[PDB]
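Everything below concerns the one structure shown next.
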2 protein chains.
Amino acid sequence: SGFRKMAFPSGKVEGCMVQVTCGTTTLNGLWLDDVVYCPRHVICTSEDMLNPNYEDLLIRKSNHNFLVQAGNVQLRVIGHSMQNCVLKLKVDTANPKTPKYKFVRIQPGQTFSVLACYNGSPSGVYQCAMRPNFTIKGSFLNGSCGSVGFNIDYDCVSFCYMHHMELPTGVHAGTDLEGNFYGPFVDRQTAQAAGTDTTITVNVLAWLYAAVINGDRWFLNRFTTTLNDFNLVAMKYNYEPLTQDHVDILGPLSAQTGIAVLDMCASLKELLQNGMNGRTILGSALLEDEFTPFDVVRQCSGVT
Amino acid sequence: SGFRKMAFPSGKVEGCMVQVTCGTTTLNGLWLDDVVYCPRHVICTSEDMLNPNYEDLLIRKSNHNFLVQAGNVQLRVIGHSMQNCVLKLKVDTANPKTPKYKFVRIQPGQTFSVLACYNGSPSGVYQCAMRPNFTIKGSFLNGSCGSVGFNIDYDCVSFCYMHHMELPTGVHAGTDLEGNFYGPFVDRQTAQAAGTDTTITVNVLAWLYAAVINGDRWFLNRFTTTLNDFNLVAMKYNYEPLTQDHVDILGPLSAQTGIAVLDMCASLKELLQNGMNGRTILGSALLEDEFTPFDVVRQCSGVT
Ligand SMILES: O=C(Cc1cccc(Cl)c1)Nc1cncc2c1CCCN2
Ligand SMILES: O=C(Cc1cccc(Cl)c1)Nc1cncc2c1CCCN2
């Protein structure tokens, strides 16, 4: 029992982290096979970031201008190319610690672990979610760029995020491993404001199921609702609309607890309308939305 | 910017996790050098746990009864000994992945990362604190025993906890790596109730400093207080008494923000008395106490 914001074990990803320096800029790179992936803004100075023309800036760079260091050893760069907002640096050595891996582009509401790095060295690991406004609420300082987000399925690492920037609002934006940003963000130091950060309803419901499984049941009420009635309330509280796909995904949690999905929706509706009244659920005074239904099943079953 | 409940990168500890089986019981072991450490209740059946005489149960066990598996390979047990509540299984092979390590016994209020494991395989990593009642609020299922808690200082892993049991209240108890339980708990299936789970005041203050550093300042007020006045309020709210040692430890955070420790105490006093009023601090609707002052400085400075 007990329910924690748990990240995947980071060892497989730690073995991929390298330092990439170009000119005066140093950030993190991801070394998989004989390619090092990193944010293309490694070629920029702080001035260049105001209005960068990446193609023009990249013309002035050669393979020997990209310094890649894996631990205390230097890797030889034998090629470089720009794919969207990432640079792919071909090195002459395949990473001996390359795990089985995939590059995936996640949807909003999906969770992943982040291995925060500086100078190619890991500092910490934490769990987060891709927000519905395509930002992440991370913990990143200067030099954290190129730190990655990932999920693990047994021995396969699915890389889904690469850190690129912090918006003026303190929230984070980045790309998938093909270099395409999540959301409308661009790698420029310009006014970029995020849209509404709505709550991931299906995740809140999964976490309510995790609470019941772990014994916190005070919020269970004698009511039920319909998808349309629930969604009227969810719109009012800036919650994402719940669909039949979401109800389907909550099926195993509904079966495990014997609480119909729409009954849990009615409990969530009353929590939104009445508040917590100074009470807590799984040690939280607010409704947690960074656990997917898959995360709840995984944590509650012990998948290694 | 941004502030997350961050765990240490787990790779160094993942390379130490093994499966230990004795009879019908399987749990996790920690393989460091040529010794595998594990909870001594690996020799017990579920019936034995009601009133175990570990010395008597251990007499019936020989080296060949302890099955140790590191990945898909079996380790040869050439000796075994009981040290307090842990078994030390001497194997014929030194762990090639043994990191630089220490065994430390932490004090209540101190935080550490847990690598939750099942069958010697890592499932997740999360950050927790040793509660003032010597319990931990973990996320452990059956088979998680022997999972460890640790801190990392550059390349040295300081192991501080080994998981042993879940109390009837859903909270967790375990030992340091010398086999001594934290708190008054015993490795027996008997009525063991935890004492008052008080809030770690110094950690709440550190987290209030982290909030100011990250821009959440609404709770800062025009008041100050004294240690004795603050402590009268802290007693009323089941908060640990704040000492001059704690004020000293918050010195760097006080200097960074320019907010005197006793001024932050007065802000915390008003938060306790008036509540949050539906507001949040660092995305939390309650006062977080599982970040030490060292954790706040580490996260806010980027120590790798
Ligand atoms: O945001 C940037 C630099 C940057 C500027 C403009 C565009 C792009 Cl793509 C990147 N780096 C960063 C990332 N995460 C966190 C923090 C920083 C620096 C300040 C402290 N925190
Ligand atoms: O508590 C025990 C077994 C046990 C019984 C009595 C004494 C001792 Cl030392 C150990 N194992 C466990 C640990 N953490 C979590 C969960 C379990 C099983 C139930 C599910 N969760």
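Please note that chains go A, B, ... in the order of the structure tokens, that every chain numbers its residues from 1, and that ligands are numbered from 1 in the order shown.
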Could you list, as a short mmCIF file (atom, residue, chain, number, x, y, z; two decimals) with N, CA, C and O atoms, in the first residue's frame, all protein and nucleic acid residues with an atom at most 8 Å from ligand 1, counting only C-alpha atoms and all ligand atoms?
data_model
loop_
_atom_site.label_atom_id
_atom_site.label_comp_id
_atom_site.auth_asym_id
_atom_site.auth_seq_id
_atom_site.Cartn_x
_atom_site.Cartn_y
_atom_site.Cartn_z
N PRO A 39 19.58 19.85 -28.33
CA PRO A 39 18.85 21.01 -28.86
C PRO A 39 19.72 21.80 -29.82
O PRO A 39 20.93 21.98 -29.57
N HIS A 41 19.73 24.86 -30.34
CA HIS A 41 20.19 26.15 -29.80
C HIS A 41 21.55 26.06 -29.09
O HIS A 41 22.06 27.08 -28.64
N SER A 46 23.66 33.91 -26.25
CA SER A 46 22.45 34.46 -25.62
C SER A 46 21.81 35.55 -26.50
O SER A 46 20.59 35.68 -26.53
N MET A 49 19.75 34.09 -29.56
CA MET A 49 18.42 33.60 -29.18
C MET A 49 17.27 34.56 -29.40
O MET A 49 16.14 34.11 -29.46
N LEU A 50 17.53 35.87 -29.52
CA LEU A 50 16.47 36.85 -29.73
C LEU A 50 15.78 36.64 -31.09
O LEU A 50 14.55 36.68 -31.19
N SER A 139 11.63 21.01 -13.42
CA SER A 139 12.53 21.64 -12.48
C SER A 139 13.80 21.68 -13.26
O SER A 139 14.52 20.68 -13.34
N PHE A 140 14.02 22.79 -13.95
CA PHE A 140 15.16 22.93 -14.83
C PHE A 140 15.84 24.25 -14.59
O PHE A 140 15.17 25.26 -14.47
N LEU A 141 17.17 24.24 -14.50
CA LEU A 141 17.99 25.44 -14.35
C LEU A 141 18.78 25.64 -15.65
O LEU A 141 18.65 24.83 -16.56
N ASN A 142 19.60 26.71 -15.75
CA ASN A 142 20.41 26.94 -16.95
C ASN A 142 21.40 25.78 -17.11
O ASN A 142 21.92 25.29 -16.11
N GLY A 143 21.55 25.29 -18.33
CA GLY A 143 22.40 24.13 -18.56
C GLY A 143 21.64 22.81 -18.59
O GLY A 143 22.20 21.79 -19.01
N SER A 144 20.35 22.82 -18.18
CA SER A 144 19.52 21.60 -18.19
C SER A 144 19.05 21.20 -19.57
O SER A 144 18.57 20.08 -19.74
N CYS A 145 19.16 22.09 -20.58
CA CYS A 145 18.70 21.77 -21.92
C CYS A 145 19.30 20.50 -22.45
O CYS A 145 20.44 20.17 -22.14
N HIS A 163 14.37 18.52 -23.35
CA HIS A 163 14.16 19.86 -22.82
C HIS A 163 14.83 20.93 -23.65
O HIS A 163 16.01 20.82 -23.94
N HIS A 164 14.08 22.00 -23.97
CA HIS A 164 14.67 23.09 -24.73
C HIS A 164 14.59 24.40 -24.03
O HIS A 164 15.55 25.15 -24.12
N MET A 165 13.44 24.75 -23.42
CA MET A 165 13.36 26.10 -22.90
C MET A 165 12.43 26.33 -21.76
O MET A 165 11.54 25.53 -21.49
N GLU A 166 12.62 27.48 -21.10
CA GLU A 166 11.74 27.90 -20.05
C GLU A 166 11.03 29.15 -20.54
O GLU A 166 11.67 30.10 -21.00
N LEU A 167 9.70 29.12 -20.50
CA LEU A 167 8.90 30.27 -20.90
C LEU A 167 8.97 31.36 -19.83
O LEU A 167 9.28 31.06 -18.67
N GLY A 170 7.78 30.49 -16.27
CA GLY A 170 8.41 29.46 -15.44
C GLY A 170 8.03 28.03 -15.77
O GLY A 170 8.36 27.11 -15.02
N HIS A 172 7.84 24.85 -18.78
CA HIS A 172 8.84 24.34 -19.69
C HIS A 172 8.28 23.84 -21.03
O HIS A 172 7.16 23.33 -21.10
N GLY A 174 9.59 21.86 -24.86
CA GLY A 174 10.61 21.05 -25.52
C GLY A 174 10.04 20.29 -26.67
O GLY A 174 8.88 20.49 -27.06
N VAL A 186 8.44 27.80 -30.06
CA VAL A 186 9.59 27.93 -30.95
C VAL A 186 10.84 28.18 -30.12
O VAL A 186 10.76 28.77 -29.04
N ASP A 187 12.01 27.76 -30.61
CA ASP A 187 13.26 27.97 -29.89
C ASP A 187 13.83 29.35 -30.15
O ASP A 187 14.85 29.52 -30.82
N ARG A 188 13.13 30.35 -29.60
CA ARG A 188 13.44 31.76 -29.70
C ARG A 188 13.10 32.41 -28.37
O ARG A 188 12.10 32.06 -27.76
N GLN A 189 13.90 33.40 -27.97
CA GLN A 189 13.71 34.20 -26.76
C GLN A 189 12.73 35.29 -27.13
O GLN A 189 13.12 36.43 -27.41
N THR A 190 11.46 34.94 -27.17
CA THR A 190 10.40 35.87 -27.53
C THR A 190 9.16 35.60 -26.69
O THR A 190 9.07 34.56 -26.03
N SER B 1 13.90 27.39 -13.14
CA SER B 1 12.82 27.50 -12.18
C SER B 1 11.93 26.23 -12.17
O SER B 1 12.18 25.27 -12.91
#
Using DSSP on the backbone coordinates, identify all residues within region 113-219 of chain A classified as alpha helix (DSSP H); present the result as a VMD selection string. chain A and resid 201 to 213
Resulting file, chosen residues, N, CA and C atoms, as a compact mmCIF listing (two decimals), in the first residue's frame:
# COMPACT_ATOMS: atom_id res chain seq x y z
N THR A 201 -8.64 15.17 -16.49
CA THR A 201 -9.74 14.46 -15.84
C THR A 201 -9.54 12.97 -15.68
N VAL A 202 -9.17 12.27 -16.76
CA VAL A 202 -9.00 10.82 -16.71
C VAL A 202 -7.92 10.42 -15.70
N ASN A 203 -6.88 11.26 -15.56
CA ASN A 203 -5.82 10.99 -14.59
C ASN A 203 -6.30 11.22 -13.20
N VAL A 204 -7.12 12.27 -12.97
CA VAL A 204 -7.67 12.51 -11.62
C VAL A 204 -8.51 11.31 -11.19
N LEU A 205 -9.32 10.78 -12.12
CA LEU A 205 -10.16 9.63 -11.84
C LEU A 205 -9.33 8.42 -11.54
N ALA A 206 -8.23 8.20 -12.29
CA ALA A 206 -7.35 7.07 -12.02
C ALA A 206 -6.77 7.19 -10.60
N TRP A 207 -6.36 8.40 -10.21
CA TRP A 207 -5.80 8.65 -8.90
C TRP A 207 -6.87 8.50 -7.79
N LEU A 208 -8.14 8.81 -8.09
CA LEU A 208 -9.23 8.56 -7.15
C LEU A 208 -9.38 7.05 -6.96
N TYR A 209 -9.26 6.26 -8.05
CA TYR A 209 -9.27 4.80 -7.94
C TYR A 209 -8.09 4.32 -7.09
N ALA A 210 -6.87 4.87 -7.32
CA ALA A 210 -5.68 4.53 -6.50
C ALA A 210 -5.93 4.82 -5.04
N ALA A 211 -6.65 5.91 -4.73
CA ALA A 211 -6.97 6.25 -3.35
C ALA A 211 -7.89 5.20 -2.74
N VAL A 212 -8.92 4.76 -3.46
CA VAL A 212 -9.82 3.72 -2.96
C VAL A 212 -9.07 2.42 -2.71
N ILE A 213 -8.20 2.02 -3.67
CA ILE A 213 -7.38 0.81 -3.56
C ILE A 213 -6.49 0.88 -2.31
Check: which chain B residues lie within 6 Å of chain A using only C-alpha atoms, as a PyMOL selection string: chain B and resi 1-4+6-11+121-126+138-141+170+285-286+303-304
Please tabulate, as CSV, the residues of region 132-190 of chain A that come within 12 Å of region 103-110 of chain A, each with its closest pair of atoms and the distance in Å to one decimal, counting only C-alpha atoms and ordering rows by chain, then residue number upward.
residue,atom,partner,partner_atom,distance
A:132,CA,A:108,CA,4.8
A:133,CA,A:108,CA,7.6
A:134,CA,A:108,CA,6.4
A:135,CA,A:108,CA,8.9
A:136,CA,A:108,CA,9.8
A:148,CA,A:103,CA,11.3
A:149,CA,A:106,CA,10.4
A:150,CA,A:104,CA,9.0
A:151,CA,A:104,CA,9.6
A:152,CA,A:104,CA,11.7
A:156,CA,A:103,CA,10.6
A:157,CA,A:103,CA,8.5
A:158,CA,A:103,CA,5.7
A:159,CA,A:103,CA,5.1
A:160,CA,A:104,CA,5.0
A:161,CA,A:105,CA,7.8
A:162,CA,A:103,CA,10.8
A:174,CA,A:105,CA,11.5
A:175,CA,A:105,CA,8.7
A:176,CA,A:105,CA,5.7
A:177,CA,A:103,CA,5.9
A:178,CA,A:103,CA,7.6
A:179,CA,A:105,CA,10.3
A:180,CA,A:105,CA,9.0
A:181,CA,A:105,CA,9.8
A:182,CA,A:105,CA,8.5
A:183,CA,A:108,CA,9.5
Could you save the residues just selected, with N, CA and C atoms, as a short mmCIF file (atom, residue, chain, number, x, y, z; two decimals), in the first residue's frame?
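Contents of selection.cif, freshly written:
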data_model
loop_
_atom_site.label_atom_id
_atom_site.label_comp_id
_atom_site.auth_asym_id
_atom_site.auth_seq_id
_atom_site.Cartn_x
_atom_site.Cartn_y
_atom_site.Cartn_z
N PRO A 132 -2.15 19.68 -20.96
CA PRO A 132 -3.01 19.89 -22.13
C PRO A 132 -2.63 21.15 -22.95
N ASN A 133 -1.86 22.10 -22.36
CA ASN A 133 -1.39 23.26 -23.12
C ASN A 133 0.03 23.01 -23.73
N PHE A 134 0.49 21.75 -23.72
CA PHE A 134 1.78 21.29 -24.24
C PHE A 134 3.01 21.86 -23.56
N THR A 135 2.87 22.19 -22.29
CA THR A 135 4.00 22.59 -21.48
C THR A 135 4.24 21.45 -20.47
N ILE A 136 5.38 21.49 -19.78
CA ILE A 136 5.62 20.59 -18.69
C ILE A 136 6.00 21.47 -17.50
N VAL A 148 16.28 14.64 -20.92
CA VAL A 148 15.21 13.96 -21.63
C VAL A 148 14.15 13.36 -20.73
N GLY A 149 12.98 13.17 -21.33
CA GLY A 149 11.83 12.53 -20.72
C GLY A 149 11.65 11.19 -21.40
N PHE A 150 11.25 10.20 -20.62
CA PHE A 150 11.16 8.85 -21.15
C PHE A 150 10.20 7.99 -20.33
N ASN A 151 9.81 6.88 -20.91
CA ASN A 151 9.06 5.82 -20.25
C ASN A 151 9.85 4.52 -20.50
N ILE A 152 9.69 3.52 -19.63
CA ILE A 152 10.34 2.23 -19.83
C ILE A 152 9.29 1.13 -19.86
N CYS A 156 12.87 -1.67 -22.76
CA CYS A 156 12.85 -0.72 -23.86
C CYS A 156 12.57 0.69 -23.36
N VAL A 157 13.50 1.62 -23.62
CA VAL A 157 13.30 3.02 -23.25
C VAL A 157 12.61 3.76 -24.38
N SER A 158 11.43 4.35 -24.13
CA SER A 158 10.75 5.15 -25.14
C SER A 158 11.02 6.59 -24.79
N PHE A 159 11.90 7.25 -25.55
CA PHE A 159 12.20 8.66 -25.30
C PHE A 159 11.11 9.48 -25.90
N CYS A 160 10.53 10.40 -25.13
CA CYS A 160 9.42 11.20 -25.61
C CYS A 160 9.65 12.69 -25.54
N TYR A 161 10.63 13.16 -24.78
CA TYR A 161 10.83 14.60 -24.61
C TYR A 161 12.29 14.95 -24.55
N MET A 162 12.65 16.12 -25.06
CA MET A 162 13.99 16.67 -24.89
C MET A 162 13.75 18.11 -24.45
N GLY A 174 9.59 21.86 -24.86
CA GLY A 174 10.61 21.05 -25.52
C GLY A 174 10.04 20.29 -26.67
N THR A 175 10.86 19.39 -27.20
CA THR A 175 10.52 18.66 -28.40
C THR A 175 10.44 17.16 -28.15
N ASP A 176 9.94 16.42 -29.15
CA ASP A 176 10.09 14.97 -29.12
C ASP A 176 11.58 14.73 -29.66
N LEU A 177 12.02 13.47 -29.83
CA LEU A 177 13.40 13.20 -30.28
C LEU A 177 13.59 13.34 -31.80
N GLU A 178 12.53 13.71 -32.52
CA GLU A 178 12.65 14.11 -33.91
C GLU A 178 12.80 15.65 -34.01
N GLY A 179 12.82 16.37 -32.88
CA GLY A 179 13.02 17.80 -32.89
C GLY A 179 11.78 18.65 -33.07
N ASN A 180 10.59 18.05 -33.05
CA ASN A 180 9.36 18.83 -33.18
C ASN A 180 8.87 19.21 -31.80
N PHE A 181 8.66 20.51 -31.57
CA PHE A 181 8.15 20.97 -30.29
C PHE A 181 6.78 20.41 -29.99
N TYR A 182 6.52 20.22 -28.71
CA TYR A 182 5.19 19.93 -28.25
C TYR A 182 4.54 21.30 -28.15
N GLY A 183 3.37 21.44 -28.75
CA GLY A 183 2.67 22.72 -28.72
C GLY A 183 3.17 23.70 -29.74
#
Report, in Å to a single decimal, how far apart CA of residue 17 (chain A) and CA of residue 100 (chain A) are.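 Taking CA of residue 100 (chain A) as the start and CA of residue 17 (chain A) as the end point, the length is 15.2 Å.
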Please provide the set of residues having any atom within 12 Å of residue 245 (chain A), restricted to only C-alpha atoms, with same-chain residues fewer than 5 positions apart removed, written as a list in words.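 Using only C-alpha atoms, the neighbours found are residues 202, 227, 250, 251, 261 and 293 of chain A.
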